[PDB]
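# An overview of the molecular structure
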Amino acid sequence: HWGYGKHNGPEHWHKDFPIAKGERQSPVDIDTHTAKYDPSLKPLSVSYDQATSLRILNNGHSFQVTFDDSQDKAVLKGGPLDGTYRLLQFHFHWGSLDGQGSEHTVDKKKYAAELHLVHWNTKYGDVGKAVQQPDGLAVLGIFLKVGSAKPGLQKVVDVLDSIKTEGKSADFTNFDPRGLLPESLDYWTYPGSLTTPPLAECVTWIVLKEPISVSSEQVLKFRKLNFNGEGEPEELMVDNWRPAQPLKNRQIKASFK
Ligand SMILES: CCN[C@H]1C[C@@H](C)S(=O)(=O)c2sc(S(N)(=O)=O)cc21
Ligand SMILES: [Zn+2]
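Residues numbered from 1 in each chain as written, not as in the entry; some residues may be left out. Chains lettered and ligands numbered in written order. Heavy atoms only, no water.

Regarding how it was determined, this PDB entry cites X-ray crystallography in its header, along with a resolution of 1.6580 Å.

The PDB entry lists the protein chain under the name Carbonic anhydrase 2, with Homo sapiens given as the organism. Quoted verbatim from the Subunit (literature references left out) field of UniProt, the annotation for the protein chain is "Interacts with SLC4A4. Interaction with SLC4A7 regulates SLC4A7 transporter activity. Interacts with SLC26A6 isoform 4 (via C-terminus cytoplasmic domain)." Note on the protein chain: under the UniProt heading Sequence similarities, the record states "Belongs to the alpha-carbonic anhydrase family." (UniProt positions renumbered as here; feature names shortened; annotations may be inferred.)

This part is about the site of ligand 1. Neighbouring ligand 1 are 13 residues, the closest being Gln89, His91, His93, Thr195 and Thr196. Take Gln89: an N or O atom from its side chain is 3.1 Å from an oxygen atom of ligand 1. Residue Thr195 places a side-chain N or O atom 2.8 Å away from a nitrogen atom belonging to ligand 1. Burial of ligand 1 by the protein amounts to 81% of the accessible area it has alone, namely 460 Å². Secondary structure elements with two or more residues in the shell around ligand 1: strand 7 (85–94), strand 9 (113–121) and strand 10 (137–146). A per-class count over the shell around ligand 1 returns seven nonpolar, six polar and no charged. (Near = heavy atom within 4 Å. Polar contact = N/O pair within 3.5 Å; in protein donor to acceptor, adjacent residues only side chain to side chain. Areas by Shrake-Rupley, 256 points an atom, 1.4 Å probe, with all protein chains shown as cover. Helix = DSSP H or I, 4+ residues; strand = E, 2+ residues; numbered from the N terminus. Nonpolar A, V, L, I, M, F, W, Y, C, P; charged D, E, K, R; others polar.)

Under the criterion given, the structure shown has 13 salt bridges. Residue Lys73 is joined to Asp68 by a salt bridge in which the shortest nitrogen-to-oxygen separation is 3.5 Å. Accessibility expressed as a relative area gives 21% for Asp68, which makes it partly exposed. Among the ionic pairs, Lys168 bridges to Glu230, the shortest N-O distance being 3.3 Å. Residue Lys168 is located in the loop between helix 2 (154–159) and strand 11 (169–171), and its partner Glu230 is located in the loop between helix 3 (216–222) and strand 15 (253–254); the two are separated by 62 residues in the primary sequence. Accessibility expressed as a relative area gives 36% for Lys168, which makes it partly exposed. (Salt bridge = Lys/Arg side-chain N within 4 Å of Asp/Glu carboxyl O. Buried < 20%, exposed > 50% of the residue type's maximum accessible area, 1.4 Å probe, protein only.)

On to the coordination of the zinc ion (ligand 2). For the zinc ion (ligand 2), the full set of protein donor atoms is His91 (NE2), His93 (NE2) and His116 (ND1), and the range of their distances to it is 2.0 Å. Here the zinc ion (ligand 2) binds four donor atoms, and the angle range of 99 to 117° at the metal identifies the geometry as tetrahedral. When the donor residues of the zinc ion (ligand 2) are listed from N- to C-terminus, their spacing reads H-x1-H-x22-H. Classification of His91 as buried rests on a relative accessible area of 13%. (Donors = N, O, S within 2.8 Å, 3.2 Å for Na, K, Ca; no water. Tetrahedral: all angles 85-135°; square planar, octahedral: opposite > 155°, others 65-115°.)

Structure follows, in structure tokens:
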């Protein structure tokens, strides 16, 4: 029922999910002059060497790649986190034009897209329990700007025509998510929420400072996906981003000066 259109988009979500007007909603604008450098923050530890991707699917809101999270194969540790978080899936948010598409903004600047790598805290046993806890999820957010092609993204781009419409999925094994990371792991972090329904306030956000570059031809392929199912009127899957929400009583911390 919810989506990103005029009649079911983010301005309507509160009617079904009242937490939309909550105290720790995401995304937010990162004001770089107001963020606080925190020397107590540790470097991120990203251990994706043993990642096992399974499937790629169009869920009607985005496309996502899912991973085997039945063991500690691909994990995120360190940074602002206590304990071990397992990689579950990644997905993107993007725009109709190159000047919009990211969810987070930096000094009000929007990027062409935003990549979310979603991880859940293993102390809670399964992702469903984790979403009910204030430290249940950690999402690594990476900005995409348009420039040179990202070789590590091309395998994803090449299969999108096979999942054009809602509900379509395909086998997507042996994909290495390390190919999507920037060089630097410097980051901002703040406590927030899922950016789609159910909008649960269960996420430690880790947003990387360094964007990755993708080519115009790569992003164009994202824009050819459909929100609709096969045999419904065609509606292009674009602008699947939630606008920035009020920071309220939160401080954004930076790992770097
Ligand atoms: C379409 C629903 N997506 C929801 C529910 C679960 C799928 S999830 O994996 O906990 C997750 S992560 C994000 S985001 N955009 O904050 O990273 C949204 C979602
Ligand atoms: Zn997302």
